[PDB]
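In the authors' numbering, the protein residues as written are 7 to 347.
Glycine is no exception: its CB is placed at the ideal position from the N, C-alpha and C atoms.
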Ligand SMILES: Nc1ncnc2c1ncn2[C@@H]1O[C@H](COP(=O)(O)O)[C@@H](OP(=O)(O)O)[C@H]1O
Ligand SMILES: CC1=C(/C=C/C(C)=C/C=C/C(C)=C\CO)C(C)(C)CCC1
Ligand SMILES: [Ca+2]
């Protein structure tokens, strides 16, 4: 099948704002498709393959706009399918799942320019850093197609449905997570700091201006969410809210199990709840990506697992931003049944 989408460079306005947040970063963006989803330029080379990637009936996807609960979900989804074999779940998350669109943030043609954004390049564990770059060159598709049939595939992605095989849900199951845009904005701001993506200069307002305006990775934020929303009625789609994980974890697990075709006992659902305790998770080496810190590519004072709180966007928004945020979220939920807890 051919890729039904074209792309356009950013116009002056758009580009001006973006460079005000990610100027220092080597990878540039491009608007893909009619909705103009923001994708790192490299994505283009594999775009068509992903659109046509061969799916398998046993494939399980954990999708979401980034920073909405992907990690928590992957861990639960993995345990449930592998009969709560906590022992075997101790291997790195990035090894148990395939991050479909995780490659695009790296542009090989710019290797040199990358370490320059690191406070200290002379202190990198080169044997590892370089290996990271290599893996990060392998297109998403290739990594999926490499897994033999006798191995269940666990895919992770922040790609909207429109960029993946349409009708895919006829073959694979997916769990899409969503979270309050505002809290997502915040978490993303810090995550971008974690990997040295933002000009050490700019602040959060700048980031937010870029975010709700559809100029950040994989946004427009609402089109992304709405796409999965419209498919929640499907038997292979499970739409969840990050807020509910905090409100009723025991009940969220139940739903997932029921969804993935399992039956956990009060004990299993409970046994999983303790395993997902924030502090216990935040310190879990298999899922906190802290191994990366050894490499030398994580910012001091940042962590892949931060607070795990809800509604703390209020500590970052000023009255001005707050109004503009309300109007924005208000305007995208008009004439749609999409509602956040
Ligand atoms: N076990 C857990 N329980 C609650 N929140 C968790 C969690 N593990 C990670 N998180 C939170 O989930 C967000 C990451 O989302 P994702 O995995 O999709 O990128 C972060 O939000 P915060 O930045 O608000 O802390 C992170 O701290
Ligand atoms: C390879 C590579 C990098 C690291 C990418 C990482 C660490 C990705 C994992 C991201 C996650 C897990 C969050 C989204 O779900 C950085 C940007 C340093 C610069 C250059 C090459
Ligand atoms: Ca350098």
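- Beta-bridge partners of residue 70 (DSSP): 183.
- Runs of the alpha helix (DSSP H) spanning 4 or more residues and lying entirely within the segment 200 to 247 occur at 210 to 217 and 227 to 235, in chain order.
- Per DSSP, the continuous alpha helix (DSSP H) segment holding residue 255 begins and ends at 255 to 266.
- Taken through DSSP and simplified to helix, strand or coil, residue 13 comes out as strand.
- In the assembly as shown, residue 113 is a buried residue. Its beta-carbon has 16 or more other beta-carbons within 10 Å.
- Looking only at 290, 232 and 137, the smallest Cα-Cα distance to residue 69 is reached by 232.
- Around the CB of residue 17, fewer than 16 other CB atoms lie within 10 Å, so the residue is classed as exposed.
- CA-CA distance, residue 300 to residue 131, rounds to 7 Å.
- The beta carbons of residue 200 and residue 305 sit about 5 Å from each other, so the pair counts as a contact at 8 Å.
- Selection 253, 72, 59 and 94 evaluated against residue 108 yields 72 as nearest (Cα-Cα).
- Scanning its chain for C-beta atoms nearer than 6 Å, with the 5 sequence neighbours on each side dropped, one finds around residue 158 the residues 64, in chain order.
- In this structure, residue 24 sits near residue 216, with a CB-CB distance shorter than 8 Å.
- The closest CA to that of residue 176, considering only 45, 125 and 240, is found on 240.
- Beta bridge pairing from DSSP links residue 161 with 67 and 104.
- Look at residue 72: its beta carbon is less than 7 Å from one of the heavy atoms in ligand 2.
- Here residue 38 carries a strand assignment [DSSP, helix/strand/coil].
- DSSP, read as helix, strand or coil, puts residue 43 in strand.
- Residue 171 carries a coil assignment under DSSP once its states are collapsed to helix, strand and coil.
- In this structure, residue 121 has its beta carbon less than 7 Å from a heavy atom of ligand 3.
- Distance from the C-beta of residue 226 to the nearest heavy atom of ligand 3 is not below 7 Å.
- Take the alpha-carbon of residue 317 and the one of residue 155: they are about 42 Å apart.
- Residue state for residue 328 is assigned as helix, using DSSP reduced to three classes.
- A check of alpha carbon separations from residue 298 across 96, 136 and 30 identifies 136 as the nearest.
- CA-to-CA, the gap between residue 206 and residue 266 works out to about 43 Å.
- By the criterion of at least three beta-carbon pairs nearer than 8 Å, the segment 113 to 123 is in contact with the segment 30 to 38.
- The same chain holds no residue with a CB closer than 7 Å to that of residue 152 once the five nearest residues on each side in sequence are set aside.
- If you check the C-beta of residue 251 against ligand 1, you find a heavy atom less than 7 Å away.
- The closest CA to that of residue 245, considering only 190, 183 and 283, is found on 183.
- The alpha-carbon separation between residue 124 and residue 204 amounts to approximately 11 Å.
- For residue 309, there is no enclosing alpha helix (DSSP H), as DSSP marks it with neither H nor E.
- Per DSSP, the continuous alpha helix (DSSP H) segment holding residue 79 begins and ends at 76 to 87.
- In this structure, the alpha-carbon of residue 345 lies about 7 Å from that of residue 339.
- Short of 7 Å from the beta carbon of residue 242, and not among the five residues preceding or following it, lie these beta carbons of its own chain, in chain order: 175, 178, 179 and 180.
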